[PDB]
Q: 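The structure follows.
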Amino acid sequence: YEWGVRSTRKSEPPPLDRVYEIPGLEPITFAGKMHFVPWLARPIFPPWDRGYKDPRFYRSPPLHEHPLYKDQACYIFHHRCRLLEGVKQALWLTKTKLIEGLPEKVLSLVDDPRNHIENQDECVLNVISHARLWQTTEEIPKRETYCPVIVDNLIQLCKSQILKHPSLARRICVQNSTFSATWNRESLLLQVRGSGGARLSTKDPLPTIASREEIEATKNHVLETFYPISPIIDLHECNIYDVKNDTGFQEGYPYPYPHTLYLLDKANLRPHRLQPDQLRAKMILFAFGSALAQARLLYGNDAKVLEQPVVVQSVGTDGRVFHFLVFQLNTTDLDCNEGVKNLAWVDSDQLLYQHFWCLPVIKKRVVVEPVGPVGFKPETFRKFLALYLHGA
Amino acid sequence: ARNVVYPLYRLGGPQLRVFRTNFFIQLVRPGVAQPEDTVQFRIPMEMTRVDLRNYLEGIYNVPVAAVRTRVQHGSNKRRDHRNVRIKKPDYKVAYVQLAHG
Amino acid sequence: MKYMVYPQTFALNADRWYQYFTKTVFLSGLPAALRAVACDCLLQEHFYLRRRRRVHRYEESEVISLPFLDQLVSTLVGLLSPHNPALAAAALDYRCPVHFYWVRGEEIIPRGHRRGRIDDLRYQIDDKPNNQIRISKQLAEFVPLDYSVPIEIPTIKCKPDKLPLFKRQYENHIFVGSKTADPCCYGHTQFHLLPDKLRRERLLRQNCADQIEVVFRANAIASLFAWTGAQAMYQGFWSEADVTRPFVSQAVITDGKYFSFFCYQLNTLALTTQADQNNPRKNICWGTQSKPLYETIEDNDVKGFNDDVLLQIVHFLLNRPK
Amino acid sequence: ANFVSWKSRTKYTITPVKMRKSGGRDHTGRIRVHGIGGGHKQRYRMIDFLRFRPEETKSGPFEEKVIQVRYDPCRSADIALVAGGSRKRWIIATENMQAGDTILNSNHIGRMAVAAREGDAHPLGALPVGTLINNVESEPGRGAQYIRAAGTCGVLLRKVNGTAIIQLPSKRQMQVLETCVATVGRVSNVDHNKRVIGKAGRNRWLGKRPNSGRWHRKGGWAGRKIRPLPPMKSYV
Amino acid sequence: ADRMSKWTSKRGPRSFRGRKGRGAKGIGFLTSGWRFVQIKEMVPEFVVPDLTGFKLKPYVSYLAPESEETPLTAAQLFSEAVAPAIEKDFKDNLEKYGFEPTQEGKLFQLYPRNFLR
Amino acid sequence: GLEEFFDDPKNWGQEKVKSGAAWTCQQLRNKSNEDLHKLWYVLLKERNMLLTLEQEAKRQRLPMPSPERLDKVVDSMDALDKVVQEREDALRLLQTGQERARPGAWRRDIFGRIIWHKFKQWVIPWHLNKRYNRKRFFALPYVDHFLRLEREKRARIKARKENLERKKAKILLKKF
Amino acid sequence: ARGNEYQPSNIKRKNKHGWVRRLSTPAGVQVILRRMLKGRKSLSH
RNA sequence: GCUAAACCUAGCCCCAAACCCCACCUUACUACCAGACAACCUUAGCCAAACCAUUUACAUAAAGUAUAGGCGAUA
RNA sequence: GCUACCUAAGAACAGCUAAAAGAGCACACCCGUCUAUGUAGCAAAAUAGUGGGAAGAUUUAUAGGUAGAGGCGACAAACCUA
RNA sequence: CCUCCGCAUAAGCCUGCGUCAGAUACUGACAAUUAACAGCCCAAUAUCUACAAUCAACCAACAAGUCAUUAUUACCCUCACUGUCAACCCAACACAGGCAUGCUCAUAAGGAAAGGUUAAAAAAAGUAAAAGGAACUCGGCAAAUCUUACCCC
Ligand SMILES: [Mg+2]
Ligand SMILES: [Mg+2]
Ligand SMILES: [Mg+2]
Ligand SMILES: [Mg+2]
Ligand SMILES: [Mg+2]
Ligand SMILES: [Mg+2]
Ligand SMILES: [Mg+2]
Ligand SMILES: [Mg+2]
Ligand SMILES: [Mg+2]
Ligand SMILES: [Mg+2]
Ligand SMILES: [Mg+2]
Ligand SMILES: [Mg+2]
Ligand SMILES: [Mg+2]
Ligand SMILES: [Mg+2]
Ligand SMILES: [Mg+2]
Ligand SMILES: [Mg+2]
């Protein structure tokens, strides 16, 4: 069954006049008239091309003739790629072992009360209320507005701890930063072109979480495969690409080391919004891409086990739910399916608050639920603060 | 210029120059209170505010700071002895704010 | 129907007209690691940060200066929080709307079925400061309320329309950037970025070389008056309940390179004819001429960074409530 | 009129496509079919009725995974988002088809009969006689056209010569080349037959305008007509 | 319902009123976001001369002799411009005398005319 | 300066302002192209001043001082334009032989009337221009009857005119 | 109840009785020709 | 004595002779972008036949003749 | 451009009872049961009161389509510019 | 004293109670509505786009739903044009009718039912009514009250 009906397809040109078929005679067409007349033969106009180059009326060369066209197809993962298999697919692509729950090294940074922010609960409640209710003149602010706002306000609340931790002056929060990283898995050329959310960038690299013994122990772990779904599904297959590992910044840039990738799913519409598993997969892939770009910049484009593993954190969020990830890249030898494997600690579906009531729900003139968050969970913000404080 | 075909410009072509300008304008007394730096003109309908700016700055050496235009609709209500409407011509009005105070 | 007053306005000499609409008197003047960080922000937005898409001049403002100003505000707030405890708890807003609706003067309806009837002159300011800092404790008055200044407020001899200024009828909003329920209700500083239409180069081409300071000054007067009036009306004052204490705010308005600093003190919400018939008060706006933070950026180096301008920004951020 | 069919899309995709109702009007603008008009707005989900469509650069039997089974507004039977290799596609879901199931699509006609498993697509020659099939093709590679409604199941009766005999849900018999593919089992939503509209409003939602109020006399055609079952429809 | 009144941009819904103009020649184009790109070369540049020292006032003295009208013709222009050189070089390749085979390659092509006024 | 839009301050209010004679075409033909170019702007400034005077006189409900000089200026500008056009036409005829500056062609419109279609400037060829191809430059057979009817209407009008002329002439002859 | 059958709208006016529509079909071309022959000051709407 | 009354030429009728700057098909009177779309095909009916149904007109002389025709109206 | 039906993409539906309702009371809104007036009228079908529906098969703005040997019709031989 | 309204946008109309002078909300002349609001857009070739909305969180569904890009190639060097008035439109009228939307939910906005007099009939609208309470009438029509039960379709 061919898609596209004839009545919609482009109309076939009318049959040529028999005068053209007749060999020895030159047909009389209305070309000399410079306009159509039904009683003359239809001219055969030679193909036309404007002599000069004109943007806004420019036609690109056919795809195969593009300089970067390559028979080998590179599968690109970008900000708007939604993996079908989610976390399994991301782990297979990045050659990663998953550990449920954040590492003790980061989790313990908030156990000590000194790192605890003053009036954490009240401040986080105020942040939530400002993001969801007080943000704009609109009665019910949309996600496209309260997701970036909530993330930024939480980051500012954490940054308020510069008093306790002067080391937090060595980090900045860059926006519109884009990184690119390419690598091979089972002879599949995979690229990640990560853009979108904010990048917390430090002047110093993050300390390694896992020990060399754990890194070696990763050898025995075997990548969970999935059949018949290929790992490439949902990745943009592209035959016109440029294999380049770009960290997003010119050499010599201060604050070079990525420290957190704050990814936000601010789409108003549920279908346009990533599922939690797909968002976690995106976090995995972007953290891996940034770490791999760092590794390629530092230790060169060599497929080898990293002697100094690169650590990248990431926080995916939808404005209410958060997902926390700490990715340790300890090998650029991705092609082989066996050997030491990168490893990611993940904490999934940590919901800051169960729900927010922008208007007071009234039943029979009785306020049942007051305006404000319900089911607030300060544990999620403790994890957020732990990630922010890690490295300081 | 007006009532003349403008030579079509293609990208990278020469500058469009008019040598014997066809636009004639009138400096008119404003009908309402206006700022001290504002001058009111009645303009041919085909003249843009950019055209008026260049016209004033080139022919009269008047430093123009800002230009605004509006198309005043001439009344078509009046009727002759044959009950046929007499059309008062529409005209463009330009407000020019002088520069350098 | 009300005049929509635009802070960032192409109208010529709009500063005087805004002074009249606000009953504001304008006064010239004011009542190492930071340098490294400012240069870092400039170079991040100009040289270091790789851009996938080519940047066109008409979007250079939005895609370079706006992130640059955001980075400046955020990093400077973080760095000066130790020296300004109130700045730690402050709320930083990016492009949050600021609405102020007020009445100033009266007009006799010129034409129509309502001809000859007295109608108030309503104005609405809808600003979107690029950044702004809101606090829960009000700043200290820059000058005592009832501060008599000999300078006289400019008077407009024609209709407000003649300054390009058009009327509409839409929601009347009085908004400080967050709803009234937000504890952080007072203003600290507003960072404004001038739009591309108001480029210094464009004004020079348009023969508005005199109007660069006018643009900065008008933006400051309008935006700061709207912000302070919104704060006062959040506190409950209005034309018939004029403010019992001055409402202070600060602003820095930049084109990306040139910065100008303004301090505004709202002493009067009694702007209507009835409440202003015998009102000696008048709002005050201190302003400084625009100065270039840097001369030029060549690849990896910023030439002629202005430590004085950076210190002006730092001092504004270091201002604290009493 | 300027009626242009909305069915202009040329590339298969999973996204619901924005349809345009006709109201029973032909392209000339005149009513061609009565009782059609209005109803809830719908989006078309491109169904791949050619179940054995090996992916580009691939060939031979292949498996797929059922991501989900979804209600389809445009069809009595529900659909399934079946994904294989590096592609996804909508198909017609069979009765006991759950998310996570594995569906095999093969073109191999083995000497013996394949063990029929509900949901998989095999050439008719590969099925045991008497199996319940659906989404049958008139010709090899034409694409499924028969037994596509909810709960409909054809029967594989005979496999004489290189041909297969199919009892359609209307009980008519159909001869097709055994190479043509057909999925095993009965179509999903088997209980569609027992759906109660309840209110005229629900018919209007579905998009069926009320019948004409004019009274018609019933002619000779009206009486119950008992006929011998029609002969086999052959496609060989 | 009015057919005898001229169709102008002041009549019709918002789309009509925006679309129709008043004869002003275009100055540029529209890009994404309705942003207007103005092309400098499309803006007519008034070539105003230097009037300093010019001795021709707008009016002419009434004490001026009256002369018969002799509209310039191609023959007259040829005689007054080309004929002398032709005679000299005949006594002693028309491009040398002034003829231009093709208007193409000129800034000011006489036909099709490509200059204003 | 804006003062150039108004007559001399001494002339302001004068009932009559004496003016010379309008430039004649023959007089202008002696002037160089640069001289004509400068005189065009001299006359343009004078014309702007006189139009301003006319409008202000209408506003003040007073007669315009010496209204004839506006007509003189318009005549001078028309003569200058005619001289420049004559020179341009002569040069065009010499260099190309074309008697019209704008390309055009005799074409039959959709109504069967022969018109002089003046070509427009396009960036794409006519066979590709969509709007041009929509425009029709041929009359179908059904237009012949209306062509005949219009011809006969014109003939009737002409016959009425000529017969009336003859009647009037005969009446005049009888009267004298 | 009746009388106000004319609900003016310039879009409908021009799309129903406009010059382009009249020239679209030969019948409308003949309508314009009839108006021209009669001498109507307004050939189209 | 008020409404009013008149008025002669504006033109027209029939013949002869004679053949008769710019804008505009898009929403016409709209400076400036890839078209493809192109016309031809018996007149009918009223009416007459006292209905209606086949049928019923569209220089001179031969001549209303030969012929046609519900062999009749008529042609 | 009314009206019958349809197509595209929009909009409106307070409050109360109930609870996911071609649910009840009842605004806006749609309609037009009964009465009075009007009958060259305010109106070539209206006014006042009264009344039916008013989250739906609802109402409605915009643009488009179907044309008379026809269209459209929850058939009233309805409606298709009084 | 009234307030159905009113103010704006849309649509429609097109200068249609602004000034001056003449007449007798008319005629002639003069003036006016200034863009930020709105309209007027988008370089190609492929390639993406299962997961409604409903405070979107539980639940709950059916009628199954308005909202998304990437890859490469081109490309900045330059804020035009048009609507902006009114007491307004469709109904032959300064027509008690028709007329979408946002706010105001009775108004800060908008308006005047009485030309003057008398207080006859008949007529219209309304209010009050002794005792009775459908005896009126085709019928409880209308009005007043808030009110049961049984039948056809
Ligand atoms: Mg029936
Ligand atoms: Mg209508
Ligand atoms: Mg008869
Ligand atoms: Mg008879
Ligand atoms: Mg309700
Ligand atoms: Mg109901
Ligand atoms: Mg019946
Ligand atoms: Mg009947
Ligand atoms: Mg304008
Ligand atoms: Mg009255
Ligand atoms: Mg009376
Ligand atoms: Mg009684
Ligand atoms: Mg009785
Ligand atoms: Mg009783
Ligand atoms: Mg009785
Ligand atoms: Mg009753």
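Labels below follow one simple rule: chain letters A, B, ... track the order of the sequence lines, proteins then strands, and each chain is numbered from 1.
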Q: Determine yes or no for a side-chain-to-main-chain donor-acceptor pair under 3.5 angstrom, with C:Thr254 supplying the side chain and C:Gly256 the backbone.
A: yes
Q: For C:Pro129 and C:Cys96, which heavy atoms make the closest approach, and how far apart are they?
A: CD-O, 3.5 Å
Q: Heavy-atom distance under 4.5 Å between the side chains of A:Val149 and A:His130, does that happen here?
A: yes
Q: For C:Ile253, is there any backbone N or O sitting under 3.5 Å from a side-chain donor or acceptor partner on C:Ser260?
A: yes
Q: Does C:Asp182 reach the main-chain N or O of C:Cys185 with its side chain, forming a donor-acceptor pair under 3.5 Å?
A: no
Q: Are side-chain heavy atoms of C:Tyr264 and C:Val248 found at a separation under 4.5 Å?
A: no
Q: For the residue pair A:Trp357 and A:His355, categorise the inter-ring angle as parallel (less than 30°), tilted (30 to 60°) or perpendicular (more than 60°).
A: perpendicular
Q: Can you tell whether the side chains of C:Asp70 and C:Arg95 come within less than 4.0 Å, N to carboxylate O?
A: yes
Q: Are any of the side-chain heavy atoms of C:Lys257 and C:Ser65 separated by less than 4.5 Å?
A: no
Q: Does C:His315, at its NE2 atom, have more than 12 non-hydrogen atoms belonging to other residues, nucleotides or ligands within less than 6.0 Å?
A: no
Q: Which heavy atom in C:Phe142 sits nearest to a heavy atom in C:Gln265, and how many Å separate them?
A: N-OE1, 3.0 Å
Q: C:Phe316 pairs by ring pair (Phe, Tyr, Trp, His ring centres under 6.0 Å) with which of C:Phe261, C:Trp286, C:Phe262?
A: C:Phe261
Q: Looking at C:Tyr258, does the NZ or CZ of C:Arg200 lie under 6.0 angstrom from its six-membered ring centre and within 45 degrees of the ring axis?
A: yes
Q: Answer whether the closest heavy-atom distance between the side chains of C:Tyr18 and C:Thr9 falls below 4.5 Å.
A: yes
Q: Going by side chain to side chain contact (heavy atoms under 4.5 Å, CB included), C:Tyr186 matches just one of C:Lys137, C:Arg134, C:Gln235. Which one?
A: C:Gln235
Q: Got A:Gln313 and A:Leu206 here, is their nearest side-chain heavy-atom distance under 4.5 Å?
A: yes
Q: When you measure from the centre of the six-membered ring of A:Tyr388, is the NZ or CZ of A:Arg171 under 6.0 Å away and within 45° of the axis?
A: yes
Q: Short question: side chain of A:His323, backbone of A:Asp349 - any donor-acceptor pair under 3.5 Å?
A: yes
Q: Keeping A:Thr202 on the side-chain end and A:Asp204 on the backbone end, is there a donor-acceptor pair under 3.5 Å?
A: yes
Q: Less than 4.0 Å between a side-chain N and a carboxylate O, is that true for C:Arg35 and C:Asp307?
A: yes
Q: State whether the number of non-hydrogen atoms from other residues, nucleotides or ligands found under 6.0 Å of C:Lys179 atom NZ is greater than 12.
A: yes
Q: Would you check if the side chain of A:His259 reaches a backbone N or O of A:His390 as a donor-acceptor pair within less than 3.5 Å?
A: yes
Q: Between C:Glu60 and C:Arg57, is the closest basic N to carboxylate O distance under 4.0 Å?
A: no
Q: Do C:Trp102 and C:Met233 make a side-chain contact, defined as non-hydrogen atoms from C-beta onward lying under 4.5 Å apart?
A: no
Q: Kindly say whether the aromatic ring centers of C:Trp227 and C:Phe225 come within a distance under 6.0 Å.
A: no
Q: Return the minimal non-hydrogen interatomic distance between C:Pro292 and C:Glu295, and the atom names on each side.
A: CG-OE2, 3.8 Å
Q: So, applying ring pair (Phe, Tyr, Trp, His ring centres under 6.0 Å) with C:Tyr48, which one of A:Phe249, A:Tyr255, A:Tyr253 is it?
A: A:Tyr253
Q: Under the salt bridge (charged side-chain N to carboxylate O under 4.0 Å, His left out) rule, what do C:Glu45 and C:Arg51 come out as? Steps first, then yes or no, please.
A: CA-CA 10 Å; C:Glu45 300 305 333; C:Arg51 310 279 184 183; 3.1 Å; yes
Q: Between the main-chain N or O of A:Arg114 and the side-chain N or O of A:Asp112, is there a donor-acceptor pair closer than 3.5 Å?
A: no
Q: What are the two closest heavy atoms between A:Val127 and A:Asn153, and how far apart are they?
A: CG1-CB, 3.5 Å
Q: Other residues, nucleotides and ligands only: do more than 12 of their heavy atoms fall within 6.0 Å of NZ on A:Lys266?
A: no
Q: For the residue pair A:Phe322 and A:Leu351, establish whether any side-chain heavy-atom pair is separated by less than 4.5 Å.
A: no
Q: If we only count heavy atoms from C-beta on, is the A:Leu261 to A:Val312 side-chain gap below 4.5 Å?
A: yes
Q: Taking the side chain from C:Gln138 and the backbone from C:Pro246, do they hold a donor-acceptor pair closer than 3.5 Å?
A: yes
Q: Write down the atom of C:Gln44, the atom of A:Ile172, and the distance for their closest heavy-atom approach.
A: OE1-CD1, 3.7 Å
Q: Taking A:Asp265 for the side chain and A:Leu274 for the main chain, is one N or O donor matched with an acceptor at less than 3.5 Å?
A: yes
Q: Could you tell me whether A:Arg199 sits above the aromatic face of A:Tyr262, with NZ or CZ closer than 6.0 angstrom to the six-membered ring centre and within 45 degrees of the axis?
A: no
Q: Closest approach of A:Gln156 and C:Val77, non-hydrogen atoms and distance?
A: OE1-CG1, 4.1 Å
Q: Going by an N to O cut-off under 4.0 Å, is there a salt bridge joining C:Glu141 and C:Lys322?
A: no
Q: Any side-chain to backbone donor/acceptor pair from C:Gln231 onto C:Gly187? Under 3.5 Å, distance only.
A: yes
Q: In a check of salt bridge (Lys or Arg N to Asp or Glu O under 4.0 Å) between A:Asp318 and each of A:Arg273, A:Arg143, A:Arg280, A:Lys282, which one passes?
A: A:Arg143
Q: Checking C:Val5 against C:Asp126 for the side chain to side chain contact (heavy atoms under 4.5 Å, CB included) test, could you report, in this order, the C-alpha distance in whole Å, the side-chain angles of both residues, the deciding distance, and whether it holds?
A: CA-CA 7 Å; C:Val5 173; C:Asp126 307 313; over 6 Å; no
